[PDB]
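Chemist: first portion of the complex, with coordinates as positioned in the assembly:
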Amino acid sequence: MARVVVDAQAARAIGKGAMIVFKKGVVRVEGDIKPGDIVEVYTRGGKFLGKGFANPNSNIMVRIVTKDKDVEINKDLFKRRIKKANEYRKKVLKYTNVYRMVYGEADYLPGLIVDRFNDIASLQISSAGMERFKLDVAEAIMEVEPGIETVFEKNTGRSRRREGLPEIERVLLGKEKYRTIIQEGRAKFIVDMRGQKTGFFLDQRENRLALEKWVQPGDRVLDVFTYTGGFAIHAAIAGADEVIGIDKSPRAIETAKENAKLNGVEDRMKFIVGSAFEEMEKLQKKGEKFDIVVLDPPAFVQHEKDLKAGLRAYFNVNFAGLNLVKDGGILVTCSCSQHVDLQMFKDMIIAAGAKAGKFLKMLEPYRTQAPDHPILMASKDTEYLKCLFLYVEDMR
């Protein structure tokens, strides 16, 4: 088995809880290595640090799986960890039927993400090493969670492509089922595995539920990047009198309309297919003002190098959103860009508020991704979502 020797900085980080070896921390490699191989990690002094998945072609050269030299990496190890991950959601978080079951490193299963939608589980692998155990993982999921009757492989996305793995979408194990109706609070949503723009993201669960208490009868609500209707639907079932949802994807809007029908709130909802900026300007010129405006744009920052331009994009979206909020109204604004930290997001909102001449007060704490997407204090990369609920008032 190949040995990856790392430098002092790399070893120090692992000693503090890090479970990855960056290419920049590799001093040398003893033995041949191909993407996906299991290798051992050592300090220059020959001290064993751990064993894990290697990828010589990645910034993340090694994802440590175990710090115990005698522990074998196989289906049994992953099954025990998947069971632990599942129990965490059901017994600690008290989630039922619908939740993210496995969130990579946070659950000690680097490169693996598993979402449970009732009796269907979606699997996504972004580590060449973990890919070798794909089928074993699929079997383990159904063995520890009998509620799952289908494992659907959704191996697509930036992470998948970054690792150089082929994109694959198909029923991997179990019954050939790909659509289900999930319940989130009092709301229902259509979840379909096949295709895109017809999904539902679980990371915003707590924030969507948190919105309900702020909706008041007679309320007029605007969801700028509605997608399949997550926040919009929750606002409507909460009693909003009128809700307008905007999204660039025609497919996403078609599903949103279906969700509205499923929840019996089609009468109070209007979905528009189009660009956020153009649609907001039309509303602005009309002198339109909303009681609540929700901004949940796509990650504008994919690389740390794109921060400046990305933050400018957020500034422009938030400025436009703020101008559509009535005096004494509410602005809900989020960012899913991992590279944009809370402080940066906050400074950007303060700047937008200043320009729009509005005082902003916090109504909720600094919100994040749902706890089934655990934020590990020792691994900054696990955290990516920021959400703020703000009371908007004209500075006069």
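Modeler: Thanks, I have the structure now. Residues are numbered from 1 along each chain as shown, chains lettered A, B, ... in the order given.
Chemist: now the residue nearest to the spatial centre of chain A: closest residue in space, sequence neighbours ignored.
Modeler: Using CA atoms, centre = their mean, the residue of chain A that lies closest to the mean C-alpha position is residue A:203, 4.8 Å off. Ranked by CB to CB, 6 or more residues apart in numbering and with sequence neighbours excluded, the top spatial neighbour of residue A:203 is residue A:369, at 4.3 Å. For the C-beta atoms, the positions are set from N, CA and C on the backbone; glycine is no exception.
Chemist: for that neighbour, which residues are in contact?
Modeler: By CB atoms under 8 Å, 6 or more residues apart in numbering, the contact set of residue A:369 is A:203, A:204, A:375, A:383, A:384, A:385.
Chemist: still on that earlier bit, isn't the residue nearest to the centre of chain A up against residue A:113?
Modeler: No: the criterion here is CB atoms under 8 Å, and residue A:203 misses it with residue A:113 at 11.0 Å.
Chemist: can you pull the residues that touch both of those two?
Modeler: residue A:100.
Chemist: buried residues in stretch A:341-360?
Modeler: A:344, A:345, A:348, A:349, A:352, A:353, A:356, A:358, A:360 (16 or more other CB atoms under 10 Å).
Chemist: dump those residues to TSV, plus distance to residue A:36.
Modeler: Listed next are the buried residues of stretch A:341-360 as TSV, based on distance: CB to CB, whole Å:
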residue	distance to residue A:36
A:344	36
A:345	36
A:348	40
A:349	42
A:352	45
A:353	49
A:356	51
A:358	52
A:360	48
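Chemist: and which of these is nearest to residue A:298?
Modeler: Checking the buried residues of stretch A:341-360 against residue A:298 by CB to CB gives residue A:345 as the nearest, at 14.9 Å.
Chemist: secondary structure class of that closest one, three-state.
Modeler: helix (DSSP: H, G, I helix; E, B strand; the rest coil).
Chemist: need the contact list for it.
Modeler: A:314, A:335, A:386, A:388.
Chemist: check residue A:395 too.
Modeler: A:357, A:358, A:359 are the contacts of residue A:395 under CB under 8 Å, 6+ apart.
Chemist: distance of the nearest residue to residue A:387 once chain neighbours are set aside from residue A:333?
Modeler: Spatial nearest neighbour of residue A:387, chain neighbours left out: residue A:367 (3.7 Å); criterion: CB to CB, 6+ apart. Note on residue A:367: its distance to residue A:333, by CB to CB, to the nearest Å, is 10 Å.
Chemist: what about the two, which has more around it?
Modeler: residue A:333 (25 against 17; other CB atoms under 10 Å).
Chemist: which strand or helix spans that one?
Modeler: strand A:325-335 (DSSP states H and E).
Chemist: quick one: strands adjacent to that strand?
Modeler: strand A:290-295 (parallel), strand A:386-394 (antiparallel) (DSSP bridges).
Chemist: residues touching it, excluding its own?
Modeler: A:204, A:207, A:211, A:214, A:231, A:289-297, A:299-300, A:314, A:318, A:321-322, A:345, A:349, A:358, A:360, A:363, A:385-394.
Chemist: do the same with stretch A:57-69
Modeler: So stretch A:57-69 is contacted by A:4, A:14, A:19-23, A:25-26, A:35, A:38-41, A:48-55, A:73, A:77, A:105, A:108, A:110-111, A:127, A:129, A:162-164 (CB under 8 Å, 6+ apart).
Chemist: in contact with residue A:33, which residues?
Modeler: A:2, A:4, A:39, A:54, A:56.
Chemist: further, place chain B onto the existing structure:
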Amino acid sequence: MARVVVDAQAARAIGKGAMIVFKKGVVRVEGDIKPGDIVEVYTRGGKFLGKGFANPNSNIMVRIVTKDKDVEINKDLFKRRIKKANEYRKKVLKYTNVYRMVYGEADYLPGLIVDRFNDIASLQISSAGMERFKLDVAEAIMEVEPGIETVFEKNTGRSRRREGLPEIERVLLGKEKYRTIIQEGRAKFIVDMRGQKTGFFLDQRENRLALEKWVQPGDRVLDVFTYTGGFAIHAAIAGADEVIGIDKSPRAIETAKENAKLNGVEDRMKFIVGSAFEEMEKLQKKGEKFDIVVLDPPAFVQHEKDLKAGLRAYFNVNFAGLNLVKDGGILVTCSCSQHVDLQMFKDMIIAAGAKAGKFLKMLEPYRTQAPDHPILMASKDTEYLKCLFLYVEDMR
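Modeler: Alright, chain B goes in next:
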């Protein structure tokens, strides 16, 4: 009326929403100024910027009350703002009988804090300027909120001795009443305006309520700085089998015992009068472990320059607290030091976890002070409480 001339930077800030003038930003003062005097603020060019309370003995020279030269600062202006502040809690936050009614600058009433405990309003003034309108504010409170039948003046403590104001404690207006029983969720608490160890702080409301969901029947809980029993009581009624509450004040513990009796949980609790560190060391020695450990220490940091020593103290308290949490347990830790921002607090927690060899996952969003203590985005000074709920796992 005396005039304070400011530089381009200070004026620029005010234009962005700032409501203060730092003594360092004053280019010159025209006319004699006494603490509490109302003065006008102008740019070097002669443009009016605002009017407010002056304090020639502080890093903050002026607390801006109004930016309109025509608006007179008197009881009528404050009555208007106290009413707006009160409606914010009742209509937006949906609080009913117990809440902080006014939180100084956040409600455009610098130097004034008013807490409502059912029919008793507790008033605290921290500036000489506001002190001149003390009776007018008391009358205004009862005028806009008929629910208040007594206005109690609690003008004692460091916050009061800070600006050299006289210490005073008495019923200022209304019925001679000092005690009331408040309801917070399913818990009841005795509040007595007299003294300092028979009180209850409203800023932790949402965090105390948030603890409920994490308590499992049979749980053993440790409340290290329990004061009058806030968190401890909520944990006991939520189903904890044993709750140990520690506090240095014998009087605070006497109140905690009365609160336990009021909630019918006296048999589930154990109170200890002593030092936090000494008492935790005793538990550590016996190898005691808890399902939940709550750390709510005093503000260790009081000055930017005192971050090193203050943060070291937080580290020590959190390290000691972490070693008392069982594997799979929960640590609730917070800081009320204004000078310690969220990132500094996070880094300190991360350091403590690394030293104790524990992985820490967040269970709740980044929690803060209750919304009736509004955090103004344009005024960092309004935010002071940070609170984290963490799931603790042994690294080894």
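Chemist: same as before for the contacts of residue A:395, with chain B this time.
Modeler: Residues in contact with residue A:395 (CB atoms under 8 Å, 6 or more residues apart in numbering or on different chains) are A:357, A:358, A:359, B:17.
Chemist: orientation of the host helix or strand of residue A:246 relative to strand A:290-295 in degrees?
Modeler: Applying DSSP H and E as the criterion places residue A:246 in strand A:242-247. Interaxial angle, strand A:242-247 versus strand A:290-295 (axes from the mean of the first three to the mean of the last three CA atoms, to 10 degrees): 20 degrees.
Chemist: neighbouring strands for strand A:242-247, and are they parallel or not?
Modeler: Counting by DSSP bridges, strand A:242-247 is paired with strand A:220-223 (parallel), strand A:269-273 (parallel).
Chemist: buried stuff in the last one?
Modeler: Residues of strand A:269-273 classed as buried under the neighbour-count rule (16 or more other CB atoms under 10 Å in any protein chain shown) are A:269, A:271, A:273.
Chemist: near chain B, which residues of the stretch 51-200 of chain A?
Modeler: A:88, A:92, A:93, A:94, A:106 (CB under 8 Å from any CB of the partner chain).
Chemist: beta-bridge partners for the nearest residue to residue A:274 once chain neighbours are set aside, please?
Modeler: In this structure, residue A:274 finds its nearest non-sequential neighbour in residue A:246, 6.3 Å apart by CB to CB, 6 or more residues apart in numbering or on different chains. When bridges are taken as DSSP bridges, the partners of residue A:246 come out as residue A:272.
Chemist: measure how buried residue A:246 is and give me the count.
Modeler: 23 (other CB atoms under 10 Å in any protein chain shown).
Chemist: check contacts around it.
Modeler: Contacts of residue A:246 by CB under 8 Å, 6+ apart are A:222, A:223, A:224, A:225, A:226, A:271, A:272, A:273, A:274, A:276, A:279, A:280.
Chemist: as a markdown table, these with distance to residue A:193 would be great.
Modeler: Listed next are the contacts of residue A:246 as a markdown table, based on distance: CB to CB, whole Å:
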| residue | distance to residue A:193 |
| --- | --- |
| A:222 | 30 |
| A:223 | 24 |
| A:224 | 27 |
| A:225 | 22 |
| A:226 | 21 |
| A:271 | 23 |
| A:272 | 27 |
| A:273 | 23 |
| A:274 | 27 |
| A:276 | 27 |
| A:279 | 30 |
| A:280 | 33 |
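Chemist: buried subset of the residues you listed?
Modeler: Buried, going by 16+ other CB under 10 Å: A:222, A:223, A:224, A:225, A:226, A:271, A:273, A:276, A:279, A:280, out of the contacts of residue A:246.
Chemist: which of these sits closest to chain B?
Modeler: For the buried ones among the contacts of residue A:246, the minimum distance to chain B (CB to the nearest CB) is 18.8 Å, reached by residue A:222.
Chemist: residue A:126 contacts residue A:159, doesn't it?
Modeler: Yes: counting by CB under 8 Å, residue A:126 touches residue A:159, with 3.8 Å between them.
Chemist: ok, the two, which is more surrounded?
Modeler: residue A:126 (21 against 16).
Chemist: could you check the angle the longest helix along chain A makes with strand A:290-295?
Modeler: Secondary structure of chain A per DSSP state H: the longest helix is helix A:307-322. Calculated by the same axes, to 10 degrees, helix A:307-322 forms an angle of 160 degrees with strand A:290-295.
Chemist: for helix A:307-322, packing partners?
Modeler: Under the contact definition 3 or more CB pairs under 8 Å, 6 or more residues apart in numbering or on different chains; DSSP states H and E, helix A:307-322 sits against helix A:276-285, strand A:290-295, strand A:325-335, helix A:342-355.
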